[PDB]
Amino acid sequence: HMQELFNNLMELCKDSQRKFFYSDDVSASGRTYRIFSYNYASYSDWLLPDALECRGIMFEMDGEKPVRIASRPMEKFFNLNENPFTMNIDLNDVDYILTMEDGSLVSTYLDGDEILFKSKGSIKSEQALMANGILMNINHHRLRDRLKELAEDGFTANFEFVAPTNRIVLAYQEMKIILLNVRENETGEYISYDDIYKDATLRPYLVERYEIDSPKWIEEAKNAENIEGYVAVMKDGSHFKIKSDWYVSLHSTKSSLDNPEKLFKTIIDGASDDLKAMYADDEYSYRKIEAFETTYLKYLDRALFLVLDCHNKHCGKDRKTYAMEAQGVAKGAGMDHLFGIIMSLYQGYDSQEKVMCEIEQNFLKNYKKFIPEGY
């Protein structure tokens, strides 16, 4: 049911805004939406109830109660050999594979009588509004009416937004939206690729599919150049990704395994999941990355708690009472570098995201204090 999904996602959000989090927003027709998403999660974090569904799913809210799943992107999936979810997979259970397109995800949602796009985290991001500019284009009037019909029937269409101005690694020639899959808002079930393919209105947009005889396509993908990789579709409908070493080496900081600052940078930037998959063959490198990952996730939880708890208890007091309490919390937690963080909050507290940026940047200034013991 919808409400137990909502309540389980809400549950995930009490832990830490480091981890799973939600954010409210209002569309141009004036109604509220809630997007559930995440910043950093570990393998144990992904085992909690419905955590794999907490990757951009959106509800329209009447205050605290949800009224409908307005949008439903793909479940979280991982690189092969990234963690136990993907480490003892029988490659013979692969049904087929899909070009992995290298842009930003956009998913449909119905707002009023309007069919619109949300990027993974927002209804108002630049990719979101750019994708809407495409949908409103007369040259996509026949795609848009189909997507509009799907959402009133409770299906979300998921595309990669790619463009010269949305460069990640791959250089596309032109700005487009590439339909990757369509999913049912209530069940999480997907319309089959073949069903989408034989709709000749949708087919022009649809990501390319390939057949495989046998798992040598894996190493060919790992060794290819000028591709991100492929998304594998299993006989049971689940997915995993496979990236080329070429993509991962450009998507990670250079020399990431030779330098602890660069490894922490890669982790902070959210690319250590692909790096460690790339180094799954090398148990020293894989477990080193994981140790740095654990260190930083553990620190971020601590730092965030201490900073936000301290700010919300003493916000508004005279500056040196506030300083006294900030002094206490930073010295008391063996984290004196946090004092400046807390005092930066004192004049102004915009988003809780800018707090994470300051914690994150500070961490990279003091990274040597934090290299896990033994490395």
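Counting begins at 1, following the sequence as shown.
The stretch 164-172 shows the higher mean C-alpha B-factor when 284-292 is compared against 164-172 in the entry. Of the two segments, 199-207 and 228-236, the one listed with the higher mean B-factor is 199-207 (C-alpha atoms only). Residues shown: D245, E101, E75, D153. Highest C-alpha temperature factor in the entry: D153. The PDB entry assigns the greatest CA B-factor among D301, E82, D269, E220 to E220. Ranked against the other modelled residues of its chain, the C-alpha B-factor of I177 as given in the entry falls in the middle third. Sorting the modelled residues of the chain by their CA temperature factor places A323 in the highest third. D274: CA B factor lies in the lowest third for its chain, per the PDB record. When the modelled residues of the chain are ordered by their C-alpha B factor, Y367 lands in the highest third. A131 sits in the lowest third of its chain by CA B factor, as recorded in the PDB entry.
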